[PDB]
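Heads up: the structure comes next, in structure tokens.
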Amino acid sequence: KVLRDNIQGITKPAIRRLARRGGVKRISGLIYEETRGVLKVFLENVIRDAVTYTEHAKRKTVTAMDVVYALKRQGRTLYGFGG
Amino acid sequence: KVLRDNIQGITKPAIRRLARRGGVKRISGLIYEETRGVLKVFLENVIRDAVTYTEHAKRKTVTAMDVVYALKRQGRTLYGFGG
Amino acid sequence: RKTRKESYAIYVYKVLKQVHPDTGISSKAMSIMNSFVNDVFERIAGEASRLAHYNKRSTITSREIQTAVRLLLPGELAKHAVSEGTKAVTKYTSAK
Amino acid sequence: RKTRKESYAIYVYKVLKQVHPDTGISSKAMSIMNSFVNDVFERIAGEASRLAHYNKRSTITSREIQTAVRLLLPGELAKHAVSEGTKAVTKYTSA
Amino acid sequence: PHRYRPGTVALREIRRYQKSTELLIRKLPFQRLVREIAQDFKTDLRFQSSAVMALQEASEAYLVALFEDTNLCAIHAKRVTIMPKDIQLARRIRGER
Amino acid sequence: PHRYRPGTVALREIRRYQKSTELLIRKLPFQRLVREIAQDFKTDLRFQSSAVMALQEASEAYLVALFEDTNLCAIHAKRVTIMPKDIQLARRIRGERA
Amino acid sequence: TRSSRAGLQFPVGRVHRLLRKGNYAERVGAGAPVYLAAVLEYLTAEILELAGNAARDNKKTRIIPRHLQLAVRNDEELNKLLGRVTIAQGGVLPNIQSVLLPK
Amino acid sequence: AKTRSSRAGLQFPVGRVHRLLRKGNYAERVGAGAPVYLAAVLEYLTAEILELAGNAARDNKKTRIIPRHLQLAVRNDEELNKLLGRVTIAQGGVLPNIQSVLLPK
């Protein structure tokens with residue numbers, strides 16, 4: 001079956017709060033769907049690598065270490081979850 | 001003694017040719033000195049690392065390999081010189 | 001006298017002949033191919049190295065090279081790469 | 001009785017007690033500190049490994065760590081790390 | 001009764017969210033998006049809860065810093081309003097595309 | 001006489017220099033700049049000719065790409081002319097500038 | 001030779017040597033050099049394929065570095081693999097931005 | 001002095017660092033000075049960051065370094081900011097920075 005209709009759980013006020021922490025004052029109406037596409041591409045690229053690592057460890061559970069290793073793979077190193 | 005007056009050897013028509021290959025149609029007058037400073041910082045960062053490599057090899061001649069290793073260090077990998 | 005430097009030049013030629021029998025290559029272009037192979041070698045090997053360490057293993061086996069190839073290469077490029085890899089491994093062990 | 005998970009925690013608490021003897025540190029903060037130490041460890045070790053390989057040496061000596069630190073750290077931080085490392089080697093060698 | 005001028009609550013919200021460190025996406029929507037994207041890669045996958053926290057910490061950090069670059073692109077075009085084209089300029093320059 | 005409208009030879013030169021691959025900085029000025037910058041790191045140093053060639057290939061590739069990004073920033077500001085602020089925005093985003 | 005047994009043009013012996021002399025791990029399995037040498041050969045052929053094509057489009061019999069560059073930067077996936085790489089003497093792709101064109 | 005840390009005057013474990021350098025496939029052989037130098041550099045950077053983050057903590061009226069103090073610390077120091085320029089510090093937030101043109105006139 002095809003999975004869909006979840007990206008919209010990243011809501012307009014949530015994207016707005018992220019923009020605020022980024023210092024953004026005024027937000028065009030088209031930004032929200034654009035930010036959803038951006039975040040999906042990001043999550044796709046990282047989860048793909050995380051799963052590749054998980055697969056190789058012969059596991060069925062994605063570990064924080066799999067993600068940490070994947071973030072590091074993409075040049076997006078993350079502190080506070082291991083490694 | 002203090003060394004100076006060589007960066008201006010990177011001339012206006014040379015910066016212009018570079019901009020053209022970059023697809024730039026019109027060039028402000030203040031761009032030329034700005035490009036001199038940018039190119040200085042770039043060469044600084046790269047030559048510094050290159051020299052650190054020469055030093056460690058206990059040499060007096062900077063090799064193309066030292067430069068290649070430094071470019072690579074800086075995330076600017078270069079093919080065709082001993083990669 | 002004379003000094004020996006190894007390169008993949010002869011193998012790049014051999015492969016060039018497979019894909020384009022009627023075309024050749026300059027020295028400069030040859031040096032790029034050489035850089036390219038070394039670079040990609042280092043990149044897969046490094047990833048395979050890390051995979052082994054992450055899993056607390058002393059050995060880099062084809063399976064590490066295979067995963068390395070899938071973290072490294074993009075999509076279609078990986079799919080084909082995994083094929084040629086698995087293929088050559090099969091042919092090799094069945095010629096022991 | 002859960003698996004032994006090594007940490008730099010004890011050292012980090014030491015340094016922190018030398019430098020701020022009344023200051024504490026949370027779980028997450030210490031996790032970040034631990035990731036910092038591992039990260040910089042890997043970066044220096046890696047650059048040393050490359051230096052050795054580049055010079056056809058089989059050995060990673062304090063001289064490789066030193067050059068690794070000079071390529072890796074920015075200016076002043078390098079200066080200080082180099083002197084604090086040479087100081088440790090000099091001692092170690094005599095005692 | 002009382003009404004603040006447009007930009008006043010926005011600026012108040014900037015100062016507020018730059019003071020704190022808590023995640024800004026609601027935890028359950030995010031988790032469901034993580035499981036869906038991963039499902040489309042491999043079925044029947046479990047997640048450590050910390051693996052989802054790690055994906056959310058990184059994801060929100062990425063978007064915060066991207067909104068920073070986006071904001072500069074907007075200002076560069078003498079604008080105050082961020083637009084999809086500012087995000088796209090940012091990502092192009094970053095070499096994400 | 002004869003005069004092309006401003007921008008015509010700019011486009012001719014774009015087409016021309018995106019067609020070729022030869023270096024665009026004169027070799028000896030660049031070389032003297034390299035030696036000058038290196039002296040401030042270690043005195044009495046020799047350079048392989050290929051080392052200077054590598055530095056020039058790399059530097060020029062860097063500047064060409066940077067001018068691409070700069071051009072995109074200028075166009076972003078509805079402009080046709082690149083300005084130091086476009087470079088500074090480019091480098092800021094690239095993470096070179098702070 | 002191990003190349004023939006694997007059916008490769010690329011040297012399985014040399015790759016196994018380099019993997020050991022390279023401090024990647026204590027031990028290197030027997031399949032590892034074969035797989036790696038095959039991946040290396042595959043990517044080689046992918047780039048030579050596309051750059052002989054460039055060469056022919058440009059009316060040449062011999063691949064120069066511009067042909068490798070044309071090859072890599074017109075291919076999405078190669079372009080991405082080499083995205084932080086600089087191909088000596090390869091130039092750029094012809095691309096003028098639209099608004100710069102006369103109307 | 002039995003420990004190699006003591007012999008070096010370090011708080012960081014030279015032994016464990018020597019272990020990790022061997023079990024890490026960095027080179028065939030690891031010299032005796034390498035772990036000492038490295039453990040000492042690690043100690044220096046550690047102290048550098050704790051210094052600035054205990055300071056942040058105190059500015060904030062707190063006895064405990066939480067990760068935001070580490071982030072304030074790292075991102076206000078130019079050189080720490082650069083060493084960790086591709087790093088993300090869980091739960092650390094951002095620096096307060098509103099752009100000028102956004103300020104009311």
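In the structure tokens, chains take letters A, B, ... by order of appearance, with residues numbered from 1 within each chain and ligands from 1 in the order shown.
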
Determine, for each residue of chain A having at least one atom at most 9 Å from an atom of stretch 53-66 of chain C, the closest pair of atoms and their separation in Å to one decimal, counting only C-alpha atoms; order by chain and ascending number, as CSV.
```
residue,atom,partner,partner_atom,distance
A:56,CA,C:63,CA,8.1
A:57,CA,C:55,CA,7.0
A:69,CA,C:54,CA,8.9
```

Residues from last step as file, C-alpha atoms, as a PDB file, in the first residue's frame:
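What ended up in again-v7.pdb:
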```pdb
ATOM      1  CA  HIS A  56      24.270  -3.832   7.909  1.00  0.00           C
ATOM      2  CA  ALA A  57      24.107  -4.493  11.664  1.00  0.00           C
ATOM      3  CA  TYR A  69      26.632   8.029  12.106  1.00  0.00           C
TER       4      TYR A  69
END
```

Hey, could you lay chain A over chain B with a least-squares C-alpha fit (all atoms, paired in order) and save it as an mmCIF file with N, CA and C atoms, in the first residue's frame?
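So out26.cif came out as:
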```cif
data_model
loop_
_atom_site.group_PDB
_atom_site.id
_atom_site.type_symbol
_atom_site.label_atom_id
_atom_site.label_comp_id
_atom_site.auth_asym_id
_atom_site.auth_seq_id
_atom_site.Cartn_x
_atom_site.Cartn_y
_atom_site.Cartn_z
ATOM 1 N N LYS A 1 62.297 41.947 6.957
ATOM 2 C CA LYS A 1 61.661 42.996 6.173
ATOM 3 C C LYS A 1 60.219 42.606 5.881
ATOM 4 N N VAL A 2 59.393 43.577 5.513
ATOM 5 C CA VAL A 2 57.989 43.310 5.228
ATOM 6 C C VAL A 2 57.783 43.236 3.719
ATOM 7 N N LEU A 3 57.115 42.174 3.272
ATOM 8 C CA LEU A 3 56.745 42.027 1.875
ATOM 9 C C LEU A 3 55.334 42.555 1.666
ATOM 10 N N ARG A 4 55.130 43.229 0.542
ATOM 11 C CA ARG A 4 53.846 43.833 0.214
ATOM 12 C C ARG A 4 53.785 44.017 -1.296
ATOM 13 N N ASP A 5 52.691 44.608 -1.780
ATOM 14 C CA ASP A 5 52.615 45.096 -3.157
ATOM 15 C C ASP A 5 52.955 43.967 -4.136
ATOM 16 N N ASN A 6 52.024 43.019 -4.216
ATOM 17 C CA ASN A 6 52.046 41.912 -5.170
ATOM 18 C C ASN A 6 50.641 41.475 -5.532
ATOM 19 N N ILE A 7 49.730 41.543 -4.563
ATOM 20 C CA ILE A 7 48.332 41.210 -4.794
ATOM 21 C C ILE A 7 47.806 41.951 -6.022
ATOM 22 N N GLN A 8 48.263 43.175 -6.260
ATOM 23 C CA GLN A 8 47.817 43.931 -7.425
ATOM 24 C C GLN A 8 48.243 43.325 -8.746
ATOM 25 N N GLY A 9 49.102 42.304 -8.740
ATOM 26 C CA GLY A 9 49.361 41.583 -9.967
ATOM 27 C C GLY A 9 48.157 40.803 -10.441
ATOM 28 N N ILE A 10 47.177 40.600 -9.560
ATOM 29 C CA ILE A 10 45.872 40.093 -9.963
ATOM 30 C C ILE A 10 45.084 41.323 -10.399
ATOM 31 N N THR A 11 45.101 41.569 -11.703
ATOM 32 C CA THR A 11 44.676 42.829 -12.297
ATOM 33 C C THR A 11 43.171 42.871 -12.502
ATOM 34 N N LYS A 12 42.705 44.077 -12.842
ATOM 35 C CA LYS A 12 41.296 44.293 -13.175
ATOM 36 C C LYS A 12 40.833 43.445 -14.360
ATOM 37 N N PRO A 13 41.490 43.448 -15.528
ATOM 38 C CA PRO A 13 41.025 42.574 -16.622
ATOM 39 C C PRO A 13 41.056 41.082 -16.316
ATOM 40 N N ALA A 14 41.962 40.633 -15.440
ATOM 41 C CA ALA A 14 42.011 39.222 -15.048
ATOM 42 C C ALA A 14 40.813 38.833 -14.199
ATOM 43 N N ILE A 15 40.495 39.669 -13.208
ATOM 44 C CA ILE A 15 39.322 39.418 -12.390
ATOM 45 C C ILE A 15 38.095 39.475 -13.271
ATOM 46 N N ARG A 16 38.133 40.321 -14.298
ATOM 47 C CA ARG A 16 36.998 40.439 -15.195
ATOM 48 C C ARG A 16 36.785 39.140 -15.967
ATOM 49 N N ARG A 17 37.861 38.567 -16.515
ATOM 50 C CA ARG A 17 37.767 37.279 -17.210
ATOM 51 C C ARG A 17 37.242 36.160 -16.306
ATOM 52 N N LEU A 18 37.694 36.126 -15.054
ATOM 53 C CA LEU A 18 37.155 35.121 -14.156
ATOM 54 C C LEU A 18 35.666 35.341 -13.971
ATOM 55 N N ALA A 19 35.263 36.585 -13.747
ATOM 56 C CA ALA A 19 33.847 36.891 -13.603
ATOM 57 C C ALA A 19 33.063 36.447 -14.826
ATOM 58 N N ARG A 20 33.621 36.667 -16.021
ATOM 59 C CA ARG A 20 32.950 36.264 -17.252
ATOM 60 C C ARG A 20 32.716 34.757 -17.295
ATOM 61 N N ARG A 21 33.763 33.959 -17.052
ATOM 62 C CA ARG A 21 33.575 32.507 -16.959
ATOM 63 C C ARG A 21 32.555 32.111 -15.896
ATOM 64 N N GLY A 22 32.342 32.953 -14.892
ATOM 65 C CA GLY A 22 31.326 32.758 -13.877
ATOM 66 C C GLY A 22 29.956 33.241 -14.281
ATOM 67 N N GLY A 23 29.858 33.839 -15.469
ATOM 68 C CA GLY A 23 28.594 34.277 -16.024
ATOM 69 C C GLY A 23 28.198 35.683 -15.648
ATOM 70 N N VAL A 24 29.147 36.501 -15.183
ATOM 71 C CA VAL A 24 28.852 37.850 -14.723
ATOM 72 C C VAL A 24 28.878 38.851 -15.869
ATOM 73 N N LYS A 25 27.795 39.622 -15.983
ATOM 74 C CA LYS A 25 27.657 40.598 -17.055
ATOM 75 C C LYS A 25 28.223 41.973 -16.707
ATOM 76 N N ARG A 26 27.891 42.489 -15.529
ATOM 77 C CA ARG A 26 28.232 43.840 -15.112
ATOM 78 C C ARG A 26 28.907 43.787 -13.753
ATOM 79 N N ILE A 27 29.983 44.541 -13.591
ATOM 80 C CA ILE A 27 30.844 44.451 -12.420
ATOM 81 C C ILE A 27 31.022 45.838 -11.831
ATOM 82 N N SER A 28 30.581 46.014 -10.586
ATOM 83 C CA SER A 28 30.801 47.255 -9.839
ATOM 84 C C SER A 28 32.300 47.538 -9.734
ATOM 85 N N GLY A 29 32.640 48.810 -9.512
ATOM 86 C CA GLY A 29 34.044 49.184 -9.433
ATOM 87 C C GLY A 29 34.722 48.668 -8.178
ATOM 88 N N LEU A 30 33.956 48.458 -7.105
ATOM 89 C CA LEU A 30 34.554 48.008 -5.854
ATOM 90 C C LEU A 30 34.823 46.516 -5.789
ATOM 91 N N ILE A 31 34.393 45.753 -6.786
ATOM 92 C CA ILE A 31 34.573 44.311 -6.741
ATOM 93 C C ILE A 31 36.034 43.894 -6.794
ATOM 94 N N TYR A 32 36.867 44.653 -7.501
ATOM 95 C CA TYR A 32 38.228 44.207 -7.774
ATOM 96 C C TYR A 32 39.060 44.102 -6.517
ATOM 97 N N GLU A 33 39.035 45.140 -5.688
ATOM 98 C CA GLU A 33 39.798 45.058 -4.456
ATOM 99 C C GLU A 33 39.174 44.013 -3.547
ATOM 100 N N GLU A 34 37.848 43.864 -3.610
ATOM 101 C CA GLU A 34 37.203 42.853 -2.786
ATOM 102 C C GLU A 34 37.644 41.462 -3.205
ATOM 103 N N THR A 35 37.827 41.254 -4.513
ATOM 104 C CA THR A 35 38.193 39.916 -4.948
ATOM 105 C C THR A 35 39.634 39.619 -4.596
ATOM 106 N N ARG A 36 40.443 40.662 -4.505
ATOM 107 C CA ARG A 36 41.816 40.467 -4.079
ATOM 108 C C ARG A 36 41.864 39.997 -2.645
ATOM 109 N N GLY A 37 41.029 40.589 -1.800
ATOM 110 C CA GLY A 37 41.031 40.183 -0.419
ATOM 111 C C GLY A 37 40.538 38.764 -0.293
ATOM 112 N N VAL A 38 39.496 38.430 -1.043
ATOM 113 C CA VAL A 38 39.007 37.064 -1.003
ATOM 114 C C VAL A 38 40.091 36.081 -1.422
ATOM 115 N N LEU A 39 40.755 36.344 -2.552
ATOM 116 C CA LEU A 39 41.779 35.399 -3.006
ATOM 117 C C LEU A 39 42.957 35.299 -2.055
ATOM 118 N N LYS A 40 43.335 36.399 -1.433
ATOM 119 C CA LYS A 40 44.388 36.285 -0.437
ATOM 120 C C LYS A 40 43.941 35.387 0.713
ATOM 121 N N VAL A 41 42.737 35.619 1.261
ATOM 122 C CA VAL A 41 42.305 34.740 2.355
ATOM 123 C C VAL A 41 42.349 33.289 1.902
ATOM 124 N N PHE A 42 41.876 33.015 0.691
ATOM 125 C CA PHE A 42 41.925 31.653 0.179
ATOM 126 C C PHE A 42 43.363 31.127 0.097
ATOM 127 N N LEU A 43 44.250 31.869 -0.584
ATOM 128 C CA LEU A 43 45.633 31.422 -0.720
ATOM 129 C C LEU A 43 46.311 31.267 0.632
ATOM 130 N N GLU A 44 46.061 32.194 1.560
ATOM 131 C CA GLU A 44 46.595 32.054 2.913
ATOM 132 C C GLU A 44 46.201 30.714 3.534
ATOM 133 N N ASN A 45 44.898 30.399 3.540
ATOM 134 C CA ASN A 45 44.418 29.200 4.230
ATOM 135 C C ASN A 45 45.036 27.930 3.663
ATOM 136 N N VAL A 46 45.167 27.857 2.335
ATOM 137 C CA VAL A 46 45.679 26.667 1.649
ATOM 138 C C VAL A 46 47.194 26.547 1.761
ATOM 139 N N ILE A 47 47.911 27.650 1.512
ATOM 140 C CA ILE A 47 49.371 27.630 1.588
ATOM 141 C C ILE A 47 49.811 27.351 3.010
ATOM 142 N N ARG A 48 49.066 27.886 3.991
ATOM 143 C CA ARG A 48 49.374 27.553 5.379
ATOM 144 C C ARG A 48 49.392 26.049 5.543
ATOM 145 N N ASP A 49 48.338 25.368 5.091
ATOM 146 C CA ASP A 49 48.292 23.919 5.244
ATOM 147 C C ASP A 49 49.351 23.221 4.413
ATOM 148 N N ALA A 50 49.584 23.692 3.190
ATOM 149 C CA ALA A 50 50.614 23.084 2.354
ATOM 150 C C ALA A 50 51.972 23.108 3.031
ATOM 151 N N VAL A 51 52.301 24.266 3.580
ATOM 152 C CA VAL A 51 53.573 24.431 4.250
ATOM 153 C C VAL A 51 53.638 23.565 5.494
ATOM 154 N N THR A 52 52.544 23.502 6.252
ATOM 155 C CA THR A 52 52.524 22.599 7.396
ATOM 156 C C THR A 52 52.891 21.186 6.986
ATOM 157 N N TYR A 53 52.387 20.750 5.837
ATOM 158 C CA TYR A 53 52.732 19.417 5.369
ATOM 159 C C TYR A 53 54.197 19.347 4.956
ATOM 160 N N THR A 54 54.640 20.352 4.190
ATOM 161 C CA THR A 54 56.030 20.436 3.758
ATOM 162 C C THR A 54 56.965 20.397 4.956
ATOM 163 N N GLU A 55 56.715 21.250 5.941
ATOM 164 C CA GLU A 55 57.495 21.257 7.168
ATOM 165 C C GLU A 55 57.648 19.841 7.718
ATOM 166 N N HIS A 56 56.526 19.116 7.844
ATOM 167 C CA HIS A 56 56.498 17.814 8.505
ATOM 168 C C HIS A 56 57.314 16.783 7.738
ATOM 169 N N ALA A 57 57.427 16.948 6.425
ATOM 170 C CA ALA A 57 58.230 16.065 5.589
ATOM 171 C C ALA A 57 59.701 16.442 5.615
ATOM 172 N N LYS A 58 60.052 17.483 6.385
ATOM 173 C CA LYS A 58 61.420 17.980 6.504
ATOM 174 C C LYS A 58 61.979 18.325 5.131
ATOM 175 N N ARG A 59 61.227 19.132 4.396
ATOM 176 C CA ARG A 59 61.634 19.561 3.074
ATOM 177 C C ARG A 59 61.705 21.081 3.031
ATOM 178 N N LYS A 60 62.388 21.592 2.011
ATOM 179 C CA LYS A 60 62.463 23.026 1.782
ATOM 180 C C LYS A 60 61.698 23.429 0.532
ATOM 181 N N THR A 61 61.169 22.448 -0.185
ATOM 182 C CA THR A 61 60.417 22.634 -1.413
ATOM 183 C C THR A 61 58.975 22.171 -1.241
ATOM 184 N N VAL A 62 58.037 23.076 -1.502
ATOM 185 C CA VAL A 62 56.613 22.754 -1.467
ATOM 186 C C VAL A 62 56.243 21.947 -2.705
ATOM 187 N N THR A 63 55.753 20.726 -2.491
ATOM 188 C CA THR A 63 55.374 19.843 -3.589
ATOM 189 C C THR A 63 53.914 20.003 -3.968
ATOM 190 N N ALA A 64 53.609 19.668 -5.216
ATOM 191 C CA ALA A 64 52.225 19.626 -5.660
ATOM 192 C C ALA A 64 51.393 18.753 -4.723
ATOM 193 N N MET A 65 51.994 17.684 -4.188
ATOM 194 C CA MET A 65 51.267 16.808 -3.267
ATOM 195 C C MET A 65 50.914 17.529 -1.980
ATOM 196 N N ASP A 66 51.796 18.398 -1.506
ATOM 197 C CA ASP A 66 51.469 19.175 -0.318
ATOM 198 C C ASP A 66 50.209 20.008 -0.553
ATOM 199 N N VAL A 67 50.146 20.681 -1.703
ATOM 200 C CA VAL A 67 48.983 21.492 -2.063
ATOM 201 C C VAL A 67 47.732 20.643 -2.222
ATOM 202 N N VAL A 68 47.833 19.565 -2.995
ATOM 203 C CA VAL A 68 46.730 18.624 -3.175
ATOM 204 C C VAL A 68 46.182 18.131 -1.843
ATOM 205 N N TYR A 69 47.065 17.687 -0.958
ATOM 206 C CA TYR A 69 46.626 17.295 0.372
ATOM 207 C C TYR A 69 45.947 18.427 1.108
ATOM 208 N N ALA A 70 46.410 19.655 0.903
ATOM 209 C CA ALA A 70 45.824 20.777 1.625
ATOM 210 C C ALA A 70 44.448 21.142 1.082
ATOM 211 N N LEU A 71 44.327 21.263 -0.236
ATOM 212 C CA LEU A 71 43.028 21.427 -0.862
ATOM 213 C C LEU A 71 42.047 20.384 -0.349
ATOM 214 N N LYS A 72 42.456 19.110 -0.358
ATOM 215 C CA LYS A 72 41.580 18.068 0.171
ATOM 216 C C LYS A 72 41.220 18.373 1.626
ATOM 217 N N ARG A 73 42.211 18.750 2.449
ATOM 218 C CA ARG A 73 41.929 19.159 3.828
ATOM 219 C C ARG A 73 40.792 20.169 3.902
ATOM 220 N N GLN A 74 40.750 21.127 2.983
ATOM 221 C CA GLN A 74 39.746 22.176 3.129
ATOM 222 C C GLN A 74 38.433 21.806 2.463
ATOM 223 N N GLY A 75 38.294 20.594 1.912
ATOM 224 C CA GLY A 75 37.087 20.224 1.189
ATOM 225 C C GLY A 75 37.015 20.837 -0.202
ATOM 226 N N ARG A 76 38.190 20.963 -0.827
ATOM 227 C CA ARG A 76 38.350 21.557 -2.155
ATOM 228 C C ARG A 76 39.212 20.641 -3.028
ATOM 229 N N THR A 77 38.937 19.330 -2.965
ATOM 230 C CA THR A 77 39.695 18.297 -3.683
ATOM 231 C C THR A 77 39.979 18.683 -5.134
ATOM 232 N N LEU A 78 41.209 18.389 -5.585
ATOM 233 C CA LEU A 78 41.684 18.741 -6.920
ATOM 234 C C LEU A 78 42.260 17.528 -7.645
ATOM 235 N N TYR A 79 41.749 17.283 -8.856
ATOM 236 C CA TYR A 79 42.152 16.175 -9.716
ATOM 237 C C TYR A 79 43.145 16.646 -10.771
ATOM 238 N N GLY A 80 44.184 15.849 -11.001
ATOM 239 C CA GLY A 80 45.099 16.071 -12.113
ATOM 240 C C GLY A 80 46.489 16.500 -11.721
ATOM 241 N N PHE A 81 46.850 16.382 -10.455
ATOM 242 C CA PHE A 81 48.151 16.830 -9.980
ATOM 243 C C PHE A 81 48.755 15.824 -9.025
ATOM 244 N N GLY A 82 48.096 14.686 -8.885
ATOM 245 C CA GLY A 82 48.559 13.618 -8.034
ATOM 246 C C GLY A 82 47.453 13.169 -7.107
ATOM 247 N N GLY A 83 47.793 12.156 -6.322
ATOM 248 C CA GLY A 83 46.922 11.683 -5.267
ATOM 249 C C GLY A 83 45.932 10.665 -5.758
#
```

Original post:
Rounded to one decimal in Å, what is the spacing between atom CA of residue C:51 and atom CA of residue C:67?
Top reply: 8.2 Å

**OP:** Using only C-alpha atoms, determine which residues lie at most 12 Å from residue G:99, disregarding the query and same-chain residues fewer than 6 positions distant; provide the list as a list in words.
**Re:** residues 23, 24 and 25 of chain B; 7, 11, 71, 72, 74, 75, 76, 78, 79, 80 and 81 of chain F

**OP:** Write out as a PyMOL selection string which residues come within 8 Å of stretch 65-77 of chain H when counting only C-alpha atoms, dropping same-chain ones fewer than 3 positions away.
**Re:** (chain D and resi 23-26+28-29+32) or (chain E and resi 21) or (chain H and resi 49-50+52-54+56-57+62+80-81+84+89-95)

Write the residues you've just listed into a file as a compact mmCIF listing (two decimals), in the first residue's frame, and include N, CA, C and O atoms for each of them.
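Wrote result_6.txt, looks like this:
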```
# COMPACT_ATOMS: atom_id res chain seq x y z
N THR D 23 30.90 24.38 40.23
CA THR D 23 29.99 24.22 39.09
C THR D 23 29.68 22.75 38.80
O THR D 23 30.57 21.90 38.80
N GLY D 24 28.39 22.45 38.54
CA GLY D 24 27.99 21.14 38.06
C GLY D 24 27.80 21.02 36.54
O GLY D 24 28.03 21.95 35.77
N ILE D 25 27.39 19.82 36.13
CA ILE D 25 27.10 19.51 34.72
C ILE D 25 25.96 18.48 34.61
O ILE D 25 25.97 17.46 35.30
N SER D 26 24.96 18.78 33.76
CA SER D 26 23.84 17.87 33.50
C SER D 26 24.23 16.68 32.61
O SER D 26 25.28 16.68 31.96
N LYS D 28 22.88 15.84 29.64
CA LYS D 28 23.00 16.16 28.22
C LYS D 28 24.30 16.91 27.96
O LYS D 28 25.04 16.60 27.02
N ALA D 29 24.57 17.94 28.76
CA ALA D 29 25.84 18.64 28.71
C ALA D 29 27.03 17.68 28.67
O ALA D 29 27.91 17.79 27.81
N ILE D 32 27.25 15.92 25.31
CA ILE D 32 27.92 16.81 24.37
C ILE D 32 29.42 16.84 24.60
O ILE D 32 30.21 16.70 23.66
N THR E 21 15.67 26.63 24.08
CA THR E 21 16.35 25.53 23.38
C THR E 21 15.43 24.36 23.12
O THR E 21 15.87 23.36 22.53
N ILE H 49 36.60 24.69 27.07
CA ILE H 49 35.15 24.79 26.89
C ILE H 49 34.42 24.86 28.23
O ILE H 49 33.56 25.72 28.44
N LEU H 50 34.83 24.04 29.19
CA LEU H 50 34.28 24.12 30.54
C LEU H 50 34.44 25.49 31.18
O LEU H 50 33.52 25.97 31.83
N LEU H 52 34.44 28.38 29.69
CA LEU H 52 33.54 29.37 29.11
C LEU H 52 32.10 29.03 29.41
O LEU H 52 31.25 29.94 29.46
N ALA H 53 31.84 27.78 29.79
CA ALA H 53 30.48 27.30 29.96
C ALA H 53 30.07 27.31 31.43
O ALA H 53 28.89 27.49 31.73
N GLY H 54 31.02 27.12 32.33
CA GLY H 54 30.83 27.55 33.70
C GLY H 54 30.56 29.04 33.82
O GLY H 54 29.70 29.47 34.60
N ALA H 56 29.22 31.06 31.33
CA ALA H 56 27.84 31.18 30.88
C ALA H 56 26.85 30.78 31.98
O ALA H 56 25.91 31.52 32.27
N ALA H 57 27.06 29.61 32.60
CA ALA H 57 26.17 29.13 33.66
C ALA H 57 26.00 30.16 34.77
O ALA H 57 24.90 30.37 35.29
N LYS H 62 23.20 29.90 37.51
CA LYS H 62 23.06 28.46 37.64
C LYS H 62 24.33 27.80 38.14
O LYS H 62 25.45 28.23 37.82
N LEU H 80 36.35 28.48 19.08
CA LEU H 80 35.51 27.33 19.37
C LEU H 80 34.39 27.24 18.34
O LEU H 80 34.09 26.15 17.83
N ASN H 81 33.78 28.38 18.03
CA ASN H 81 32.75 28.42 17.01
C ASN H 81 33.25 27.78 15.72
O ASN H 81 32.52 27.04 15.06
N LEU H 84 33.96 23.84 15.97
CA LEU H 84 32.66 23.16 15.93
C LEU H 84 31.70 23.76 14.90
O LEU H 84 30.49 23.85 15.15
N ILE H 89 24.64 21.13 18.67
CA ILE H 89 24.78 20.87 20.10
C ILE H 89 23.35 20.71 20.55
O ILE H 89 22.63 21.71 20.66
N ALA H 90 22.91 19.46 20.71
CA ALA H 90 21.55 19.16 21.16
C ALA H 90 21.10 20.18 22.17
O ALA H 90 21.86 20.51 23.09
N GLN H 91 19.87 20.67 22.04
CA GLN H 91 19.27 21.41 23.14
C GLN H 91 20.08 22.66 23.49
O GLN H 91 20.14 23.08 24.65
N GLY H 92 20.75 23.27 22.51
CA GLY H 92 21.52 24.45 22.83
C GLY H 92 21.00 25.75 22.27
O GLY H 92 21.42 26.82 22.73
N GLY H 93 20.09 25.70 21.31
CA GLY H 93 19.46 26.92 20.84
C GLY H 93 20.36 27.73 19.93
O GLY H 93 21.32 27.22 19.34
N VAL H 94 20.05 29.02 19.84
CA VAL H 94 20.82 29.94 19.02
C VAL H 94 21.21 31.15 19.87
O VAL H 94 20.71 31.34 20.98
N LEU H 95 22.13 31.97 19.31
CA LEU H 95 22.46 33.27 19.90
C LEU H 95 21.38 34.28 19.54
O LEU H 95 20.94 34.34 18.39
```

Which residues of chain H sit at most 8 Å from chain A, using only C-alpha atoms? Give each one's shortest atom pair and distance in Å (one decimal place), in chain and ascending residue order, as a tab-separated table.
```
residue	atom	partner	partner_atom	distance
H:86	CA	A:76	CA	6.0
H:87	CA	A:77	CA	5.0
H:88	CA	A:78	CA	4.8
H:89	CA	A:79	CA	5.2
H:90	CA	A:80	CA	5.7
H:94	CA	A:21	CA	7.3
H:97	CA	A:23	CA	7.1
H:98	CA	A:23	CA	6.0
H:99	CA	A:23	CA	7.4
H:102	CA	A:25	CA	7.1
```

**OP:** Apply DSSP to the structure's backbone, then extract all residues of stretch 11-45 of chain C labelled alpha helix (DSSP H) and return them as a ChimeraX atom specification.
**Re:** /C:11-19,27-45
